[PDB]
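To begin, one chain is listed below as structure tokens, in the form deposited in one PDB entry.
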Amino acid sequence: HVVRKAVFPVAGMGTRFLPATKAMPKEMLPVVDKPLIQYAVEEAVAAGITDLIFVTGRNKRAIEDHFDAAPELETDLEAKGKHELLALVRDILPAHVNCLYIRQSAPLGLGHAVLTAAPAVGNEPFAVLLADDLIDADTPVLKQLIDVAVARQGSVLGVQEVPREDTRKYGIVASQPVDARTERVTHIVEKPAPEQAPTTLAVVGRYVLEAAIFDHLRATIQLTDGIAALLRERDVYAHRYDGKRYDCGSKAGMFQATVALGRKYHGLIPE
């Protein structure tokens, strides 16, 4: 089991952040001075990912230009002696990491975006990271999940408990415990009503998936329904990662991430 490829779906419409997402993916919005997608990419690279796969939509321009070289910007900075800032631009990706881009044909859903990556993944297990789940963790959450996936020989979903009123926001798993932090998944259901949700254990935007998922995404698109079918055929585990998740998919969550991370890592204090 070797997980070296990561898929970043960044092709959604971003309607909760209009007008800012008119011509920019939601994942390119900054938290202070860094786009959401760069936090997630940095986490993946720290977890041993070498092959980055960006699934883009009509707003691909900003994602491409963020991770590709900007020789004109580097020329300027280099000329003005700003070697400090030069690294912020050219060293976003270390040299042992590569990226590629695949355009999702239409915004047909997260499951369809993951399936769109199949030509670059092949028959390899792979990571999926949803950058609007911004996670502050002392050990990269993706690394935590990859270690479980290697040890237990299966797919792994990052999960954490949520208030029962919040189940309508998330995929919710039914499972049976395996150790303190890990459970074997017996069902997953997307955004159930709180009165119907089988548990309050919710999927965060971090996945390690066996390539078997792709055939199920063809016969499904919602990613959660592909996973629920994968269950019937292979092992899927849910892991309670250590870390603080900010749900930046809403204006409110992004705001509280700016406040909390602004304070902790930048000393930004509300007046």
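Each residue number is its position in the shown sequence, starting from 1. Only the largest set of C-alpha atoms that superpose within 1.5 Å between the two forms is called the rigid core.
In terms of unmodelled positions of the deposited sequence, the chain runs continuously from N59 to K60 in this entry. Per-stretch averaging of Cα B factors for 249 to 257 and 19 to 27 places 249 to 257 on top. Averaged over their C-alpha atoms, the temperature factors of 185 to 193 and 76 to 84 are higher for 76 to 84.
Among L100, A113, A127, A137, the highest C-alpha B-factor in the deposited entry belongs to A137. Between the residues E42, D33, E64, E233, it is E233 that shows the highest Cα B-factor in the PDB record. Ranked within its chain, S105 lands in the highest third, by CA B factor from the PDB record. In this PDB entry, the Cα temperature factor of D68 sits in the bottom third of its chain's modelled residues, the lowest group. Among all modelled residues in this chain, the alpha-carbon of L52 has a temperature factor (C-alpha) in the lowest third.
The deposited CA B-factor of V3 belongs to the middle third of values across its chain. Ranked against the other modelled residues of its chain, the C-alpha B-factor of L145 as given in the entry falls in the middle third.
Heads up, the form deposited in another entry isn't pictured, but that's what we're talking about next.
In a core superposition between this form and the one not shown, the Cα of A197 is the only one among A118, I102, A197, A174 shifting by 2 Å or more.
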